[PDB]
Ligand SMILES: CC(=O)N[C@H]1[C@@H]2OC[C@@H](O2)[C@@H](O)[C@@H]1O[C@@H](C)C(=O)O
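Given as structure tokens, the chain that follows is alone and in the form deposited without the named molecule.
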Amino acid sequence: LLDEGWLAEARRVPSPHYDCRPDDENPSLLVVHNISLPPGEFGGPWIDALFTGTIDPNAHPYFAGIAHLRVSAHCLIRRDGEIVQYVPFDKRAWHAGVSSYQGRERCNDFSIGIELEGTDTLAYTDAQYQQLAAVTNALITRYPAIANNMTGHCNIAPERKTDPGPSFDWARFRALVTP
């Protein structure tokens, strides 16, 4: 629960993949993503590896093509609910790419990116909903603007991204937020 940009309860995997939010800006937007490495598979160390710039391109055919990436998110929430944090919330994680929200581009600058392990068409787990909510509630306490600004990657990069997809139950998530 927020200690110097770090979720107190999260497993910390500090990533070299971050820089500054221009103008010391407080984030105001929560972007929900999904991810699975390799695609459709859960449980590997590969998301940690990708988001820290250490992935083995030879470990899977799919990895060769993404080894060139320099990306990250603030948090990943695994299928069992485990929260792993890579980037302090005050800092700029590299998760949104080319994007626009309410006419403002470069969404990394002012957003917090949280990844749900999963896919567009498979239900996310009960733990995942409870934990995303706990994190979101923590964030809103620090950054009340986030209550008003919660979106999918597919919403700020339409026709580039589809996550977190139809499988993400906004109703369920909202019911758990700001209680």
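Start at 1 with the first residue shown and count on from there.
Below, we refer to the form solved in complex with the named molecule, which is not included among the displayed structures.
- Using a 4.5 angstroms limit between non-hydrogen atoms, residue 35 touches the named molecule in the entry with it bound.
- Residue contact check for residue 115: one or more of its heavy atoms lie within 4.5 Å of the named molecule in the entry with it bound.
- Among heavy atoms of residue 69, some come within 4.5 Å of the named molecule in the entry with it bound.
- When the named molecule is considered in the entry with it bound, residue 30 lies well away from it, no heavy atom lying within 4.5 Å.
- Contact with the named molecule in the entry with it bound, judged as any non-hydrogen atom within 4.5 angstroms, is confined among 144-152, 22-30, 131-139, 58-66 to 58-66.
- Contacts with the named molecule in the entry with it bound, taken as any heavy atom within 4.5 Å, map within 147-171 to 153, 161, 163.
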